[PDB]
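Novice: In order, the protein sequence lines correspond to chains A, B, C and D. For the first sequence, this note's numbering begins at 459 and goes up steadily by one. For the second sequence, this note's numbering begins at 4 and goes up steadily by one. For the third sequence, this note's numbering begins at 192 and goes up steadily by one. For the fourth sequence, this note's numbering begins at 204 and goes up steadily by one.
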Amino acid sequence: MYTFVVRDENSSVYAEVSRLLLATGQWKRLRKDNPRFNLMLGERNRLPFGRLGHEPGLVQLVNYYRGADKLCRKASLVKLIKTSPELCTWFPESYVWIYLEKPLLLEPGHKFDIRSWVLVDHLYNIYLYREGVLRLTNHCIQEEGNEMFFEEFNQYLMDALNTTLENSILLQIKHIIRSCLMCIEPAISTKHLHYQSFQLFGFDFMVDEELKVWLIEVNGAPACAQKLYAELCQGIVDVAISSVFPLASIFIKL
Amino acid sequence: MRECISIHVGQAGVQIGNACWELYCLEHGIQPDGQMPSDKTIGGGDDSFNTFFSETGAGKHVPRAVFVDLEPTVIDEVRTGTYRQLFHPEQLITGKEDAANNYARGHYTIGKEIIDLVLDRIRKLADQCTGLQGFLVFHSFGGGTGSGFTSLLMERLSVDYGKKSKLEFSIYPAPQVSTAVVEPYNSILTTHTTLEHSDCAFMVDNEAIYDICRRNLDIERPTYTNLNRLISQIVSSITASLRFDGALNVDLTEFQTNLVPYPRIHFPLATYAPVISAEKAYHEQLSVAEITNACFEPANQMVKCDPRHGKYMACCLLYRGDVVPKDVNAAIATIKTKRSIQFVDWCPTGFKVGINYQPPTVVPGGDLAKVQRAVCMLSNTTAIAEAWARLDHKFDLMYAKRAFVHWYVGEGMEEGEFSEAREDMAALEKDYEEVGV
Amino acid sequence: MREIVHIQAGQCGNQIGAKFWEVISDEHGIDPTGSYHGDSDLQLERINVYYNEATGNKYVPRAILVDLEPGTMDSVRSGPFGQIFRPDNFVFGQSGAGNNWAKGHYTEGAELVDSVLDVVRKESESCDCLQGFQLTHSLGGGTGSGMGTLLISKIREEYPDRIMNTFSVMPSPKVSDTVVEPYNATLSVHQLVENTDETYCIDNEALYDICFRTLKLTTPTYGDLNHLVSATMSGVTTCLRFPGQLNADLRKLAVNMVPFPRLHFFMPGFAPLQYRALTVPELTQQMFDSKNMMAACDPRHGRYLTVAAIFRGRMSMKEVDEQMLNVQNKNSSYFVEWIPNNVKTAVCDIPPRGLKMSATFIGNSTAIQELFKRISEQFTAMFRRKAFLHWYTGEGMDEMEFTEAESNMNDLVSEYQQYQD
Amino acid sequence: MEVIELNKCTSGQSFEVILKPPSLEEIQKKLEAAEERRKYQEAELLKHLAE
Ligand SMILES: Nc1nc2c(ncn2[C@@H]2O[C@H](COP(=O)(O)OP(=O)(O)OP(=O)(O)O)[C@@H](O)[C@H]2O)c(=O)[nH]1
Ligand SMILES: Nc1ncnc2c1ncn2[C@@H]1O[C@H](COP(=O)(O)OP(=O)(O)CP(=O)(O)O)[C@@H](O)[C@H]1O
Ligand SMILES: Nc1nc2c(ncn2[C@@H]2O[C@H](COP(=O)(O)OP(=O)(O)O)[C@@H](O)[C@H]2O)c(=O)[nH]1
Ligand SMILES: C#Cc1cnc2ccc(O[C@@H](OC)C(=O)NC(C)(C)/C=N/OC)cc2c1
Ligand SMILES: [Mg+2]
Ligand SMILES: [Mg+2]
C-alpha cells in the first residue's frame with residue numbers, strides 16, 4: 459500500500475493521475491497536510507521542498523523539480539540561455555518585435571504552434587510523449603478545436619512539402635528538449651537527494667517557412683489535450699510513479 | 004597562548020564531550036591517566052595543545068572542561084570511565100532529578116538552583132587562564148537540560164565574560180534517533196533565548212549523522228557511541244586549528260570573522276569526507292579532488308538540505324592528511340565548473356583553505372577506518388534555513404492546539420514566551436530569505 | 192536513585208498488586224524470601240527502583256498494602272510471595288467499606304488514611320530521590336475506589352510535585368459485584384481527572400472478553416483476569432526496571448505522553464495473549480488489534496494523541512522499526528497529524544518468562560471516551576430515579592455531589608470529542 | 204583564480220583562493236518572576252485541597 463497526498467486541485471493533469479492511482483487498489487490518498495505520504499502531487503507556488511525526505515522509513519517522491527522555474531519563467535529562460543556556456547540557433551532574439559516575421563502557414567487558410575509534452579523521471583531520463591498537438595494561436599483567443607494532431611500534420615507535410623514531420627521538425631524538437639534539460643540538470647537533479655523528483659513539461663515551438671523550429675517557451679504546469687489525457691496520464695503512472703513504487707511504449711527516450 | 008574552556012550540558016553534551024576528549028587525547032599523545040610523554044615542558048608550557056589542557060606539577064594534562072547535567076547517571080559514567088583519571092571532580096557537576104524534556108524546567112525551575120554553582124566551577128577554570136579566548140558549549144536542542152539550562156548559562160556567560168567569544172555545538176533533533184514529541188518546542192525556545200549570546204553555532208542533525216552511519220559505516224541501527232564517534236571527528240576537525248600549530252582559525256574570533264558576516268546568521272553548515280567503514284578491508288584511498296568534491300554532496304552534510312538552492316556567504320576547507328595546496332586548487336578549479344556554487348553578491352567567491360599534515364586519528368576498534376586524507380568544509384549557506392523551516396513547522400502544528408504547553412506554564416513560564424520565541428524564528432527565516440533569494 | 196513508591200488498595204488493588212510483585216520479582220531474580228538468586232546483573236542494575244535493600248542483602252518491595260478489611264491482606268501474607276513484603280507496610284482496618292465509595296472516602300477510610308500516610312512518609316524519606324507514586328485499585332467498590340482516591344488527594348497535599356500514576360480497574364456490568372459500581376466509578380473518575388498524572392484504564396469487560404474469546408477460557412476467574420493485568424504492568428514498567436533503556440523517569444514519560452492535563456487516561460495492550468514464537472509482524476499486528484486492548488474501546492472510533500510501545504525478547508530493531516512504521520504509515524488516519532512523531536518504540540533484550548517475544552502497548556486515544564460514556568450511562572440510568580442513593584446519603588453525602596461527578600465526567604467525555612475532530 | 208595569504212609551518216599550511224570578487228538585574232527579574240508564578244500556582248492547589 460502506497461500513500462499519496464494532493465495539494466493542487468486545479469491540476470487538470472494530476473486529477474487524472476490520482477484518479478488512476480486509486481483504481482489500482484494499491485494506492486491510498488491521504489489528507490493534503492498529512493506528512494506520512496509516499497508521493498506528493500504538489501502545489502504550483504511555494505511548494506515546501508525543504509520538508510521532503512525527512513520522514514523515517516518513507517521514500518518520498520514529488521511531481522516537481524525544485525529549480526526548474528529557471529526554465530519555465532519567460533524572464534528566467536532568457537537569462538538562462540544568454541548566460542549558459544551551452545546555448546544559440548533555435549531561440550529567437552529576446553530581451554517587428556513582441557517576433558518571427560515569416561511563419562510556416564497551414565493550407566488552406568494561410569499560423570500555428572506545436573506543443574510537446576516531456577516527462578523527466580527521478581533518474582533524469584527524458585521522455586518525449588509520442589503525441590504532440592498543433593494549436594496568436596491560443597484556445598483563449600480562438601480542425602476540430604484548432605487542434606491538429608501529429609498524424610494529420612505529418613500527412614500534410616508529406617503531400618504539401620514532400621517531407622515528413624520527423625525529418626523536418628522533430629529532430630529539431632528533440633535536440634531542443636535535450637539541450638534545455640541537459641543544461642539545467644546539475645542544478646535540479648535529485649539523483650543523490652534525500653527525496654526524489656519528476657515533472658511534466660509543456661514545450662511550445664514555432665516553425666518558420668524554412669522548416670526551422672524555434673523555442674517559444676516551456677510550461678511547468680501544463681494542461682493536456684482531452685484526447686490524450688487517458689494515454690499520457692497512464693504513461694506518467696507507469697514511468698514516473700510506479701518505477702519508484704512498483705505494483706504487483708508511448709514515450710521516445712532522448 | 005590563549006586558553007579555551009569547554010562546557011558540555013546535558014546527556015548529549017556530556018556524551019559528545021566524552022567522544023571529543025578521548026579523541027583529543029589520542030591526537031595529542033595523552034594517556035588516560037593524563038600523562039603525556041611528548042610534553043617535555045613538565046608542569047607547564049605555552050604550546051598550542053595547552054589551549055585545551057592545563058598541566059599539573061605531577062605532569063598530568065587536564066582538560067579545560069566542565070561537565071554539567073541535571074541528573075547524575077551520565078556524568079557518573081565519565082567519573083568511572085577510561086578517562087576517569089583525567090578530570091578533576093570539581094569539573095563534573097550533577098544534580099538530583101532532570102528537566103524531563105521540559106525547557107521551562109531546565110531554564111527556570113531547576114536551572115535557577117544550580118546556575119551559580121556552575122558559574123563558580125567555570126570561574127575556577129577561567130582563573131587558571133593567563134589569557135582566555137572564550138567557551139565551546141556542547142548540547143542538544145531537545146533535552147530539557149540541553150536546551151533550558153544552556154540558554155540560562157549562555158545568558159550569564161555574556162554578563163560574566165562579556166569580552167569572550169562563545170561557540171556552540173548543537174544536536175538538532177531527529178525522530179530516527181530518540182526524540183520526544185516536545186523537542187520542537189525546546190528547540191525554538193532555546194534558539195530564541197540563546198541567539199544573541201552565541202557567536203558561531205555548528206548544528207548537527209541526528210538524522211544526517213544517523214544516515215552517514217548506516218550508509219557509509221554499514222551499521223544497521225547505530226548507537227550513540229557510533230553517532231558520537233562520528234560527531235567527534237567533525238568537532239576535532241573544527242577545533243584542530245586551536246590545538247595545533249597553524250595560521251587558520253587559530254582563535255575563536257576567526258570563526259566569527261571567517262564564517263559569519265551577519266551576527267544572527269551564525270550557523271555554518273559542516274560537510275565531512277571520507278567516512279569509510281573499518282570492516283571494509285580493501286578500500287581505495289580517495290584523492291584530494293575526490294574528498295573535496297564530496298563536500299558538495301548533500302549526503303555528507305551535518306544537516307540535510309540542498310545548498311544548490313541557496314547562497315554562500317563564506318566557505319572554509321579544512322584538510323587533514325596528505326594534502327598540498329596544488330591539489331586543492333586543482334580540485335577547486337574543477338568543481339567550479341560542475342557544481343552550483345552561488346555566492347551572495349556582496350561577498351568574494353573564494354575559499355579559505357587550511358591544511359593540517361597529521362591525518363585524522365580514529366578510535367582503535369571504532370568503525371571508522373584510518374584514511375590518509377580527510378576534509379571538513381565549513382560553509383555559511385542560506386540553505387540551512389531549511390532546517391529552521393522544518394522545526395518551525397512542527398512547532399506550529401503542536402502549538403496551534405497548545406499541546407503540551409501546560410507542562411511549561413506549570414513551571415512558571417508564560418504562554419507568550421512561546422510566541423515571542425516563534426516570532427524570532429519567523430524573523431530568522433526571513434533574514435535567510437532576504438540574503439538568499 | 193529513581194525510587195518508586197507502590198500502593199495497592201482494597202480487594203482488587205491488592206490482588207493485582209500481589210501479582211505484579213510476583214511477576215517482577217521473578218524477572219529481577221528475587222525469590223519469595225527476598226534473597227536474590229538470578230544470573231545477570233541486568234537484573235540488579237535498577238532493582239532499587241521498586242525494591243529497598245534490607246540488612247542481609249534481602250530485597251523488600253517498596254510497597255504499601257492498604258484495605259479496610261483484613262481478609263484480602265491475610266490472603267497476600269499467605270500467598271507465594273507473602274513473606275516478601277514489609278510487615279509494617281500492611282495497613283488495614285476492621286470494618287470494611289461495603290462497596291461504598293462514601294465509606295471509603297469520607298467515613299471508614301478517613302479513620303485509616305493518616306496511618307497509611309505515615310508508612311508512605313517513611314518509605315519516601317528513605318528514598319534517595321523519589322521519582323513518584325503508583326497505585327493499584329478498582330474503581331467499582333469502596334476501599335480502592337473511595338479510600339484510594341482519598342489517599343491520592345492526601346499524597347498530593349504532602350508531595351504536590353511528585354508524579355502520581357494509577358492502574359485502575361473499571362467496572363463492567365458483565366463482571367459485576369454490585370449494582371452501585373457505576374456510582375463509585377463516576378465519583379472516582381472525577382478525582383482522577385484532577386489528581387493523577389497517568390491512569391491506566393483496565394476495563395474488566397475487556398479482560399473478560401480476552402479470556403473468553405481469545406484465551407478460550409469458558410469460565411474466567413479474577414485470577415485469570417489478573418494474570419493479564421500483571422503481565423501488562425510488567426511490560427509498561429520494563430523501561431524503568433531494566434538498564435540501557437531511555438534515560439527517562441516518570442516525569443519525562445508523563446510529559447511526552449500527556450499533551451493536555453485532563454486527557455491522561457490510557458489504553459494498555461499486550462501481545463501475545465503456545466510454543467510457536469511470534470514474528471515481529473505478528474506482535475505489531477496483535478498489539479494494535481482491538482482484541483488485544485484492555486479498555487474495551489475501539490481505537491478506530493477515535494484518534495491516538497500519543498502511543499508508546501516496548502518489545503521484549505531477541506529480535507531485529509530494524510524489523511521492529513519497519514513494522515511499526517508500516518502500521519502507522521498504513522492507518523495514518525487514526526493518529527492526530529498535529530503531534531508530529533507521536534509513536535515511540537523500544538526494544539529490551541530480556542523477554543518475559545515463559546515467552547520468547549512480547550509487545551506491550553500504551554495508547555493515549557480519544558476512543559477512551561467510549562468508556563466514560565458507558566459508565567455515565569449506567570450512572571444516569573439509576574440516578575434519574577435516585578436508585579440506591581440511600582447507601583450514600585446515610586454516610587453524609589448529598590445529591591449535589593453526584594450531580595457534579597456526573598457533570599464533570601460528561602465534560603471529560605465531550606473534551607475527548609473536541610480533539611478527535 | 205588567485206592564491207593569496209599563504210602561511211606555512213611544520214604542521215601544515217593555510218591560504219586563501221579567491222575565484223571572483225563581489226544584564227544581571229534583568230535575568231534576576233525574569234527568573235524570580237517565574238518562581239513566583241510557580242509559587243502562586245502551588246498556593247491555588249493547596250487552597251483548593253483545603254476546600
Ligand atoms: N548525537 C547524540 N544525540 C543525543 C545523545 N543523547 C541525547 N541525544 C539527543 O538529544 C535529545 C535529547 O536530549 P538529552 O541530551 O538527552 O536531554 P538532556 O539535556 O539531558 O535534558 P533532560 O531533559 O533533563 O534529560 C534527543 O534529540 C536525542 O536524540 C548523544 O549521546 N548523542
Ligand atoms: N516570437 C514569436 N513569433 C511568432 N509568434 C509568437 C512569438 N512569441 C509568441 N508568439 C505567439 O504567442 C502564442 C503563445 O504566446 P506565449 O507562449 O509566449 O505566452 P503563453 O500565453 O503561451 C504563456 P503559457 O503557455 O504559460 O500559458 C503562440 O501561439 C504564438 O503564436
Ligand atoms: N480485575 C479484577 N477486578 C476485581 C478483583 N476484585 C474485585 N474486582 C472488581 O473490582 C470491583 C469491586 O471492588 P473491590 O476491589 O473488590 O472492592 P474494595 O475492596 O472496596 O476496594 C468490581 O468492579 C470487581 O469486578 C480482581 O482480583 N481483579
Ligand atoms: C509506572 C509507570 C509508568 C508510567 N508512565 C509510563 C509512560 C510511558 C511508558 O512507556 C513504556 O511503555 C512501553 C515505554 O517503553 N516507553 C518508551 C518506548 C521507552 C518511551 N516512550 O516514550 C513515551 C511507561 C510508563 C510507565
Ligand atoms: Mg537527561
Ligand atoms: Mg469486592
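Where is the CB? At the ideal position from N, CA and C, for every residue including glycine.
Sort out for me which residues DSSP pairs residue 244 of chain C with in a bridge.
Specialist: C/250.
Novice: Put residue 99 of chain B into one of helix, strand or coil per three-state DSSP.
Specialist: In this structure, residue 99 of chain B counts as coil in the three-state DSSP scheme.
Novice: Out of curiosity, what's the CA-to-CA distance linking residue 441 of chain C and residue 356 of chain C?
Specialist: Those two C-alpha atoms are separated by around 9 Å.
Novice: Cutting at 8 Å between CB atoms, please list the residues of its own chain near residue 542 of chain A, excluding the five before and the five after it.
Specialist: For residue 542 of chain A, where only same-chain residues beyond five positions count, the Cβ hits under 8 Å are 641.
Novice: Would you tell me roughly how many angstroms separate the C-alpha atoms of residue 184 of chain B and residue 434 of chain B, rounded to the nearest one?
Specialist: Spanning the two alpha carbons is a distance of roughly 28 Å.
Novice: Which residues, in chain order, does the region 207-223 of chain D contribute to contact with chain B at a C-beta distance below 8 Å?
Specialist: Those would be 209, 210, 212, 213, 214, 215, 216, 217, 218, 219, 220, 221, 222 and 223, in chain order.
Novice: Give me the chain B residues within the contact set of residue 645 of chain A, using Cβ-Cβ distance strictly less than 7 Å, ordered along the chain.
Specialist: Result: 311 and 343.
Novice: Is residue 234 of chain D close to chain B, meaning its C-beta is less than 8 Å from at least one C-beta of that chain?
Specialist: It does; some Cβ of chain B falls within 8 Å.
Novice: Tell me, please, whether the CB atom of residue 425 of chain B is closer than 8 Å to any CB atom in chain A?
Specialist: Not one chain A Cβ lies under 8 Å of residue 425 of chain B.
Novice: Taking Cβ-Cβ distances shorter than 7 Å, what residues in chain B pair up with residue 238 of chain D?
Specialist: Ordered by position in chain B, the residues that pass the 7 Å Cβ test against residue 238 of chain D are 115 and 415.
Novice: Whole beta strand (DSSP E) runs in the region 227-270 of chain B with 3 or more residues, listed along the chain?
Specialist: Within the region 227-270 of chain B, no complete beta strand (DSSP E) run reaches 3 residues.
Novice: Using three-state DSSP, classify residue 640 of chain A as helix, strand or coil.
Specialist: Looking at residue 640 of chain A - three-state DSSP - the assignment turns out to be helix.
Novice: Give a yes or no on whether 8 Å exceeds the smallest Cβ distance from residue 205 of chain C to chain A.
Specialist: Cβ-Cβ to chain A under 8 Å: no for residue 205 of chain C.
Novice: List the residues that DSSP assigns as beta-bridge partners of residue 6 of chain B.
Specialist: Paired residues: B/135.
Novice: Do you know offhand how far residue 116 of chain B's Cα is from residue 107 of chain B's?
Specialist: Distance between the alpha carbons of residue 116 of chain B and residue 107 of chain B is about 13 Å.
Novice: Can you check whether the C-beta of residue 494 of chain A is within less than 8 Å of a C-beta belonging to chain B?
Specialist: No, residue 494 of chain A lies away from the interface with chain B (no Cβ there is under 8 Å from its Cβ).
Novice: Please confirm if residue 528 of chain C has its CB atom under 8 Å from at least one CB of chain A.
Specialist: By this cut-off, residue 528 of chain C is an interface position.
Novice: Within the 8 Å Cβ cut-off, does residue 227 of chain D reach chain C?
Specialist: Taking Cβ atoms only, chain C never reaches closer than 8 Å to residue 227 of chain D, which makes this a no.
Novice: Consider the C-beta atom of residue 390 of chain B and the heavy atoms of ligand 1; say whether any pair is separated by less than 7 Å.
Specialist: Outside the cutoff, so no.
Novice: Suppose the cutoff is 6 Å on Cβ atoms and the five residues either side in sequence are ignored; what does the same chain contact list for residue 171 of chain B look like?
Specialist: Taken in chain order, the residues that qualify are 140, 201 and 204.
Novice: Please classify residue 145 of chain B as buried or exposed, where buried requires at least 16 neighbouring CB atoms within 10 angstroms.
Specialist: Residue 145 of chain B is buried by the Cβ-count criterion.
Novice: Taking residue 557 of chain C and residue 519 of chain C to be in contact with their CB atoms under 8 Å, please state how far apart those CB atoms are, rounded to whole angstroms.
Specialist: About 17 Å separates the two Cβ atoms, so there is no contact after all.
Novice: Please name the residues in the region 344-355 of chain C whose beta-carbon is closer than 9 Å to at least one beta-carbon of chain D, in chain order.
Specialist: Correct list: 344, 345, 347, 348, 351 and 352.
Novice: Are the C-beta of residue 450 of chain B and some C-beta of chain C separated by less than 8 Å?
Specialist: Outside the shown range of chain B, which is 4 to 440, sits residue 450 of chain B, and nothing can be said about it.
Novice: By the 8 Å beta-carbon criterion, what residues does the region 287-303 of chain B contribute toward chain A?
Specialist: So the close ones are 300, 301 and 302.
Novice: Nearer than 7 Å: is that true of the beta carbon of residue 227 of chain B relative to any heavy atom of ligand 1?
Specialist: Yes, the Cβ of residue 227 of chain B comes within 7 Å of a heavy atom of ligand 1.
Novice: Mind listing the chain B neighbours of residue 519 of chain A? Cutoff is C-beta to C-beta under 7 Å, in chain order.
Specialist: Correct list: empty, because the minimum Cβ distance to chain B is about 16 Å.
Novice: Would you check if there are 3 or more beta carbon pairs closer than 8 Å linking the region 244-253 of chain B to the region 206-222 of chain D?
Specialist: The region 244-253 of chain B, when compared against the region 206-222 of chain D, does touch it at the 8 Å Cβ threshold.
Novice: Quick one, which residues of the region 345-357 of chain B are near chain D if we go by CB-CB under 9 Å, in chain order?
Specialist: Correct list: 346, 347, 348, 349, 350, 351, 352, 353, 354, 355, 356 and 357.
Novice: Pop quiz: residue 382 of chain B and residue 272 of chain B are said to be a contact at Cβ under 8 Å. What is the actual Cβ separation, rounded to whole angstroms?
Specialist: The pair is a contact, with the Cβ atoms about 5 Å apart (cut-off 8 Å).
Novice: Any heavy atom of ligand 3 closer than 7 Å to the beta-carbon of residue 487 of chain C?
Specialist: Residue 487 of chain C Cβ: outside cutoff for every heavy atom of ligand 3.
Novice: If we ignore side chains and look at the alpha-carbon of each, how far apart do residue 306 of chain C and residue 316 of chain C end up?
Specialist: Each residue's Cα considered, the two are about 16 Å apart.
Novice: Whole alpha helix (DSSP H) runs in the region 256-339 of chain B with 4 or more residues, listed along the chain?
Specialist: Counting only runs of 4 or more, we get 291-297.
Novice: Indicate whether residue 567 of chain C and residue 600 of chain C have their beta-carbon atoms separated by less than 8 Å.
Specialist: For residue 567 of chain C and residue 600 of chain C, yes; Cβs fall inside 8 Å.
Novice: Looking at chain C, is there any beta carbon in it that lies within less than 8 Å of the beta carbon of residue 515 of chain A?
Specialist: So yes, residue 515 of chain A belongs to the interface.
Novice: Apart from the five residues on each side of it in sequence, which residues of its chain come closer than 6 Å, Cβ to Cβ, to residue 415 of chain C?
Specialist: So the list reads 402 and 408, once near-sequence residues are dropped.
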